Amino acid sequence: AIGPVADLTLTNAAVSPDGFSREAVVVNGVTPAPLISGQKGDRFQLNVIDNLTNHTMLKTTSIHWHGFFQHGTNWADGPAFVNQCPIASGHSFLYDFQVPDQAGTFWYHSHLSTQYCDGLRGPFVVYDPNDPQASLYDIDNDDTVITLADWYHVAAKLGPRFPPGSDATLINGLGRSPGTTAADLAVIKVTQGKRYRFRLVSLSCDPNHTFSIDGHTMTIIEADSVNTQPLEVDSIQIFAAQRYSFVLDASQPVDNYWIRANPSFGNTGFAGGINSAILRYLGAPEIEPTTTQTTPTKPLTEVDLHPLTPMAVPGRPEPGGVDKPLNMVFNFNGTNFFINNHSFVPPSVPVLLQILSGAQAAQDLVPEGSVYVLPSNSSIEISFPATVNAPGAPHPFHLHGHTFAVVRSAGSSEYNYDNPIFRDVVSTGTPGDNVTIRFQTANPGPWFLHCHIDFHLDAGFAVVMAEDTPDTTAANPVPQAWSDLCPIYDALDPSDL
């Protein structure tokens, strides 16, 4: 794969991942965007060259590298109007950052409006040459990344504000829609007797997926970017922007087996081979599977996930047992989402630039009421109680700049302050749940916190966690190219956005 040093050229082109042709935003000619890779310790230099021509899908752009801490490079995190102004068509911008202390499965996507839905989204893997899970598998390479993407026949700005699911699920970029049931399916090849580390990446804009493979079980070894104690499952509900690594032991008879990714809404089930791909053992005929679904007897539950390496939960083991507890009260008015009575509206001056110019207190940062200032070196607890006032649940929330402990998961009344999973995207569940996370503020800068259903983010379901505002400017020296983005963007005609 490309990386750690690469050009990512953005253009508009016609694609037919499910046999239906539509115009899209592509990266180096393709959507999903190509796999980027490197290894622990690398300096990534990803030069984003914006050659977009289509205003309906936005000619401007910004790229976020999902899951990376970006310590001291907050300016490269990507969210438009939080960490930078968007890049303009005919221009380039170099994202230059290091990953000294993380490895795992990540992804990358546009972080401007709903542009990632129109195609700017792909996988990103940082390999660990001393991976502690490596004795569990034989093969871990570019052909073991499995992407899931909800694909729409109508563009994000042309269809409904809140689409009722997608036309197709794409698995490694290919899939069928109900009207294109002869379109080519993705094929994942295995050799009998080998063990594979599959890296499952949800590139979804909205629906979650229930993933399974006929005749096979899956051993989870990683959740988002965090290594887990090996957990055997036979079904995985994966929410938008989550990842899992699992080991597959290709010990079944030589045959074709259905891979299934059933969306929570949209075109559900498997009629005509929608929501499906093919696991093909080497030597099997090159035809569609005729395997049948079996009821899961070991579905993934988040509470069964624990970190491989002990990871201490911040604070003391009781509710509110931290320096700064916060409760996020969700609402919706039919058009806009709200957190604590505020719907995020992106500011003209990016939040990071406001802070560099001297705005360090929440009352002086805009948009007011959506920016929370957190003290440095402190324990934080955030609760996200599900509510009928925020439809479109379960909302999968994501915190930039951090992995966090999930002390209470969806569908569980337990609080685990001992060995809960840490991750970066968590389902907030349905009414009755009170999903709760903890983390420590060791990462100066403004970090977005939002629902990763992109239509909801765009309708304002977000806040900014401005951590350690007093050391933010010193900790994140910016390049001139970043300073230059706002004047370029602010000069554009409305028709060239």
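So that there is no doubt, residue numbering starts at 1 and follows the sequence shown.
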* Averaging C-alpha B-factors over each stretch, which comes out higher, 259-267 or 313-321? -> 313-321
* For the higher mean C-alpha B factor in the entry, choose 183-191 or 322-330. => 322-330
* Which of these, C205, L308, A277, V145, has its C-alpha atom at the highest B-factor, as the entry lists it? -> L308
* **Residue, from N83, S110, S357, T169, that the PDB entry assigns the highest Cα B-factor** => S357
* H452 by Cα B-factor - lowest, middle or highest third of the modelled chain -> lowest
* Once the chain's modelled residues are ordered by C-alpha B factor and cut into thirds, is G215 in the lowest, middle or highest one? -> middle
* Considering only modelled residues of the same chain, in which third does the CA B-factor of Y95 rank: lowest, middle or highest? -> lowest
* **Chain-wide C-alpha B factor ranking for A474, given as lowest, middle or highest third** => highest
* To do: Using the B-factors in the PDB entry, rank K40's C-alpha atom against the chain and give the third, lowest, middle or highest.
  => highest
